[PDB]
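# An overview of the molecular structure
These are the residues of each chain, in order.
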Amino acid sequence: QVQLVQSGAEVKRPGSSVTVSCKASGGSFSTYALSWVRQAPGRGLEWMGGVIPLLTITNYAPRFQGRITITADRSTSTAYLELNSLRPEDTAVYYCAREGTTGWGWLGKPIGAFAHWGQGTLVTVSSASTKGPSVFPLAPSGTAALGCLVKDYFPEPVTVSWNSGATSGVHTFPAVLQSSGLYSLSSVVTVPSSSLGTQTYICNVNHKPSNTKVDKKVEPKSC
Amino acid sequence: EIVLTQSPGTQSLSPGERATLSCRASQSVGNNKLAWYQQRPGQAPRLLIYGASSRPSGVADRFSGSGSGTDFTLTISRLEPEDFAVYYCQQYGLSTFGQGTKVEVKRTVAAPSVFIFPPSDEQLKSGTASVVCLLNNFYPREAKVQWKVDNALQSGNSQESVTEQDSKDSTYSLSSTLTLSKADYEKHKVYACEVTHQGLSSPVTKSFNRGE
């Protein structure tokens, strides 16, 4: 089957330029339309533009006209998307998609709809600098809840686990973009109240982009 | 320009129900070039229908599509647990997308378990303070969280986030975080969060005393 593999995540500053690639492994590459669709966090899908690798024909969405360039590359079977003059609202996940085909294998007729998609590339556009997070414990006050607060980090994502992956009652909340330009999330868990003074709870925070690893023990706070 | 509007915004159904999603076009869609896509959180979209009514191989047959001109309908004959996601319709005869329709699991009303967390001392030695109000496992999604500092109403000083609908009990969880400087605290002493929800006959309020 046709498989699309995109480049890794990128972090850019306003005004700069970013280029995302899509390696099209399989089918034929030259005959079928490769389109780019982006998605801002918590928003819908937006079509940006497309290219047939041969020719090479390219259509752009009016909202991106002039600011955007989409390229083929038949030699490597790889599509390219370059967006310049970036701004904070360009922060989104960018997907590359190839249209589907019917009627014999890679010798088939195009349908128009995007039947094949990439895994997507997260592109953050900020004025902030890569920073490791500070992990402060949300100590517990039947069933009692406690957790860890992952505050002030850049950029996304951050991964939190409990007792090194050991899962029930775990709630890791989506990060929010603070006014400080950094991200902050909270991770809670519900555990029996009669286990809190005996049991060890350790939340494992991992921020790959800043190469940071913190394992914070949440124990009963006492006054 | 062709504009595509989807309906409803949120559809709440139980596993096994017939689902009908709508897509209205501002103007006539040439050669019925209308497509339906499905997307779950943290995943790429997935084609369900193309050419208004044609279904690709691999897509289950509970998914059907119909309509013409300006009115198109996606029909899921009998909802399965994995069908509960966000659905987008797309024109491709300039290509455009709909603003999306979420299909969530409709379950029994459940009141939120409200908790409140005091600023840790570790965060204090750096000189800022974050109070967190937790609403654990509740349904429906619409919930009001109101902060009170010495019985004084707050605004513009808190940010909240909601989890995706749980795969097991189908409930939501909310976390509202009110954060301020060590100047507005200790300049205040008792912290409290009041929660208003359908599962509550009356607004439930949780509180703690600073340093106590």
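Determination of this PDB entry was carried out by X-ray crystallography to a resolution of 2.93 Å, according to the record.

### Description of the overall build of chain A
A count of helices and strands for chain A gives zero helices and 19 strands. In summary, chain A has a C-alpha radius of gyration of 22 Å against a globular reference of 17 Å for 223 residues, an excess of more than 25%.

### So, the nonpolar core
Inside soluble globular proteins, nonpolar side chains tend to come together where they are buried. Counting residues in each nonpolar core, the largest one holds 40 residues, and the members touching the most others are A:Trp36, A:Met48, A:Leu83, A:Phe114, B:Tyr37 and B:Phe97. Ranked by the residues each element gives to this core, the list is headed by strand β9 (residues 92-102) of chain A, at five residues. Residues contacting B:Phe97, with those up to four places away along its chain left out, are A:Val37, A:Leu45, A:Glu46, A:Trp47, A:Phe114, B:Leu4, B:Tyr37, B:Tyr88, B:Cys89 and B:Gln90. In terms of nonpolar packing, the next biggest core, distinct from the first, is built from 24 residues, B:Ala19, B:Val29, B:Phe72 and B:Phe84 among them.

### Some words on the environment of A:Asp73
Residues and elements named next belong to chain A. If you trace the backbone, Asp73 turns up in the loop between β7 (68-71) and β8 (78-83). As for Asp73 and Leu55, which are separated by 18 residues in sequence, their C-alpha atoms are 11 Å apart. Setting aside residues no more than four positions away along its own chain, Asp73 makes contact with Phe29, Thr78 and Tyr80. A polar contact is formed between the side chain of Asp73 and the side chain of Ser75, at a distance of 2.5 Å.

### Comments concerning the domain arrangement of chain B
All names here are of chain B. Under the domain assignment used here, chain B contains domain 1 (1-107) and domain 2 (108-210). The centre of domain 1, based on its C-alpha atoms, is set 36 Å off from the matching centre of domain 2. Of the residues lining the interface, seven residues belong to domain 1; the matching set on domain 2 comes to 10 residues. Ranked by residue count, the leading element in the side of domain 1 that touches domain 2 is strand β10 (residues 101-105), at three residues. Looking at the side of domain 1 that touches domain 2, its residues break down into two nonpolar, one polar and four charged.

### Structural notes on the domain arrangement of chain A
All names here are of chain A. Segmenting chain A into domains produces domain 1 (1-123) and domain 2 (124-223). Distance between the C-alpha centres of domain 1 and domain 2: 35 Å. The set of elements that each furnish at least two residues to the side of domain 1 that touches domain 2 consists of β2 (10-12) and β11 (121-125). In terms of residue count, the dominant contributor to the side of domain 1 that touches domain 2 is β2 (three residues). Within the side of domain 1 that touches domain 2, the residues separate by chemical class into six nonpolar, one polar and five charged.

### Some thoughts on empty space enclosed by the protein
Taken as a whole, the largest cavity encloses approximately 30 Å³ of empty space. Along its surface, the largest cavity is lined by A:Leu138, A:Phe173, A:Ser186, A:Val188, B:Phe117, B:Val132, B:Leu134 and B:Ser175. Breaking the lining of the largest cavity down by element, the ones donating at least two residues are β17 (183-192) of chain A together with β12 (128-138) of chain B. The residue inventory of the lining of the largest cavity, partitioned by class, reads six nonpolar, two polar and no charged.

### A few points about the state of the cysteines
A complete count under the given rule lists four disulfides over all chains for this structure. The disulfide bridge from A:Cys22 ends at A:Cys96, spanning 2.0 Å between sulfur atoms. Given an S-S torsion of about 50°, the disulfide between A:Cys22 and A:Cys96 has right-handed geometry. Residue A:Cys22 is located in strand β3 (residues 18-25), and its partner A:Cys96 is located in strand β9; the two are separated by 74 residues in the primary sequence. Across this residue pair, the class does not change: A:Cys22 and A:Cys96 are buried. The partner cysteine of B:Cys23 in its disulfide is B:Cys89, sulfur to sulfur 2.0 Å. Around the S-S axis, the bridge from B:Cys23 to B:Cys89 shows a dihedral of about 55° and counts as right-handed. In this pair, B:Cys23 is assigned in strand β3 (residues 19-25) and B:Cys89 in strand β8 (residues 86-91), connecting sequence segments 66 residues apart. The exposure classification of B:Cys23 matches that of B:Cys89, with both residues buried. Here chain B pairs its bonded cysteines, counted in sequence order, in the arrangement 1-2, 3-4. The thiol sulfur of A:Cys223 is not disulfide-bonded, and the nearest other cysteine sulfur, from A:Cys148, lies at 18 Å. You can call A:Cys223 exposed: its relative accessible area is 95%.

### Overview of the interface of chain A and chain B
Listed as interface residues are 35 residues of chain A and, on the opposing side, 35 residues of chain B. Elements represented by at least two residues in the side of chain A that touches chain B include exactly β4 (34-39), β5 (46-51), β9, β10 (109-117), β12 (134-138), β13 (143-153), β15 (170-172) and β17 of chain A. Along the lines of polarity and charge, the residues of the side of chain A that touches chain B split into 22 nonpolar, 11 polar and two charged.

### Remarks on the environment of A:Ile111
Tracing the backbone through its elements, the reader meets A:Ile111 in strand β10. Distance from A:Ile111 to A:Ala33, taken between C-alpha atoms, is 9.9 Å for residues 78 residues apart in sequence. Not counting residues up to four positions away in its chain, the partners in contact with A:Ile111 are A:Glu99, A:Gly100, A:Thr101, A:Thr102, B:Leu47, B:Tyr50 and B:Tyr92.

### Observations concerning the pairing of strand β17 (residues 190-196) of chain B
Residue and element names in this part refer to chain B. Where strand β13 (residues 144-149) lies against β17, six bridges are found, and the strand directions are antiparallel. Bridge assignment links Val145 to a residue of β17, and that residue is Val195. Across six bridges, β17 lies against strand β18 (residues 204-209) in antiparallel orientation. If you follow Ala192 over to β18, its bridge partner there is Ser207.

### Examining the packing of aromatic side chains
Counted under the stated rule, the structure contains 10 aromatic pairs over all chains. When the ring of B:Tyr185 is compared with that of B:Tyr191, the centres are 5.1 Å apart and the planes differ by 85°; the resulting orientation is edge-to-face. An angle of 25° between the planes, with centres 5.9 Å apart, marks the rings of B:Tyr191 and B:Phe208 as stacked. Taken together, the positions of B:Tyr191 in strand β17 and B:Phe208 in strand β18 put the pair 17 residues apart, joining distant regions of the chain. Grouped by ring-pair contacts, the aromatic residues A:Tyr95, A:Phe114, A:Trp117, B:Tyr37 and B:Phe97 constitute a single cluster. Across from the ring centre of B:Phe115, 5.9 Å away, lies the NZ or CZ of B:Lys206, which sits over that ring.

What counts and how
- Residues numbered from 1 in each chain as written, not as in the entry; some residues may be left out.
- Chains lettered and ligands numbered in written order.
- Heavy atoms only, no water.
- Residues with missing side-chain atoms left out of burial classes, pairs and counts.
- Helix = DSSP H or I, 4+ residues; strand = E, 2+ residues; numbered from the N terminus.
- Rg over C-alpha atoms; globule rule 2.2 N^0.38 Å.
- Core = buried A, V, L, I, M, F, W, Y, C linked by side-chain atoms within 4.5 Å.
- Buried < 20%, exposed > 50% of the residue type's maximum accessible area, 1.4 Å probe, protein only.
- Contact = heavy atoms within 4.5 Å.
- Polar contact = N/O pair within 3.5 Å; in protein donor to acceptor, adjacent residues only side chain to side chain.
- Domains from an automatic or database assignment.
- Nonpolar A, V, L, I, M, F, W, Y, C, P; charged D, E, K, R; others polar.
- 1 Å grid on protein atoms, 1.4 Å probe; cavity = no way out; pocket = protein on both sides within 12 Å on 5 of 7 lines; lining within 4 Å.
- Points joined across faces, edges and corners; volume = space filled by probe spheres on them.
- Disulfide = S-S within 2.5 Å.
- Pairing = 2+ DSSP bridges.
- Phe/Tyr/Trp six-rings, centres within 6.5 Å; stacked < 30°, edge-to-face > 60°.
- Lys NZ or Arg CZ within 6 Å of the ring centre and 35° of its normal.

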